[PDB]
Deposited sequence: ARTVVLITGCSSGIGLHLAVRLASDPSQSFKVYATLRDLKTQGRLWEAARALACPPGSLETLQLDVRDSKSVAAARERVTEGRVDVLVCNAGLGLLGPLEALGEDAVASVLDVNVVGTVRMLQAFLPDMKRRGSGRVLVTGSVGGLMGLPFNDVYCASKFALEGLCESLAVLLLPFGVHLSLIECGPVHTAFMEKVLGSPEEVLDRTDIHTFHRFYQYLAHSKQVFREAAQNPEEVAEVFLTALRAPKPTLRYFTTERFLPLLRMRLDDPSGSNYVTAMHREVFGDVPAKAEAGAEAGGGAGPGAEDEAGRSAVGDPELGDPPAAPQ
């Protein structure tokens, strides 16, 4: 009857706002499983759910740790309807800093949550979709998945990885009737200094500050409401033939095109260096 949606990473941000947008939809078309790594963070989702007056039974929370394939399987068994019509792979971690200041565990964690975590969800959920010959997968992407950003080396690695993962899968899934799309987000309004200085050189440290200053100004001028981003997920959801990629904004497309039409990377690296520094 209803469209069953399971969303990862609902404790804040896009995931939180998408979950309550869908559950509160005036048409009541959606049953939403909002999943979270730590149940102690669920308060914010329930406060938003109340604000939007989600009908009882339109929204349920599950604990799901995308690092643990047992946790993934336990949450899938909790989908009482026995299918997922829309899977939204949104859990993700950022990681910001000079590459040599990043702990090895932090690097592996970002990769595990952002890439392997999405692999675990797709392994768990794609089979029943392929069998039914139907289902929609939406994956939260980033501008940092489409072009490299300084001091985001590992975050960008992880978001570029989701691009390759999803594009590869889409080439195969086409004749199966299962549609996968990336939702490419720019900024969204959702170590300490001594720590970082201890792990890098003064010149890199200064470039980091410059990057942070520029980033803050891009964010204050350009950040989108998660309400507006969530509606782009909805657009993808309802598209009779969805495309592989949706963009939540036109903002970064000129930078992207400059990347796109000089494959040597020389124009992009130059332009981004000037843009930031």
Tell me which segments of the deposited chain sequence are not represented by C-alpha atoms in this structure. 191-197, 285-327
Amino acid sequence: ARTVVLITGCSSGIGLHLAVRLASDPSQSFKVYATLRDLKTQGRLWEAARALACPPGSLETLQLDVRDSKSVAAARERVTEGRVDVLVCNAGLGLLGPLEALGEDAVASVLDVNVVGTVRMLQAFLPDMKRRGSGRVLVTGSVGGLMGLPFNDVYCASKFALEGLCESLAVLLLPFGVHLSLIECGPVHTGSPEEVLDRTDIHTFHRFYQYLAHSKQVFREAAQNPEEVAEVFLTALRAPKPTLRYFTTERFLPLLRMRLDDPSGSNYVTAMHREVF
From here on, numbers count along this sequence of modelled residues.
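Throughout, rigid core stands for the largest set of C-alpha atoms superposing within 1.5 Å between the two forms.
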Aligning on the core, I want to see which stretch wanders more in 7 other deposited structures of this protein. Is it 148-156 or 191-199 by C-alpha RMS? 191-199
Mean C-alpha B-factor higher for 163-171, or for 70-78? 70-78
Pick between 4-12 and 268-276: the one whose mean CA B-factor in the entry is higher. 268-276
Sort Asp153, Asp198, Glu184, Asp112 by C-alpha B-factor from the entry and give me just the highest. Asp198
For the CA B factor values reported in this entry, which option in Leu36, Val32, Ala230, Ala239 has the top one? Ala239
Quick tally, chain-level thirds of C-alpha B-factors: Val188 sits in the highest
Could you say whether, by C-alpha temperature factor, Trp46 belongs to the lowest, middle or highest third of its chain? middle
Ranked C-alpha temperature factor of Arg251 among modelled chain residues, by third: highest
CA B-factor placement of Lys40, once the chain's modelled residues are sorted into thirds: middle
Looking at the entry's B-factor column for C-alpha atoms only, identify whether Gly145 ranks in the lowest, middle or highest third of its chain. lowest
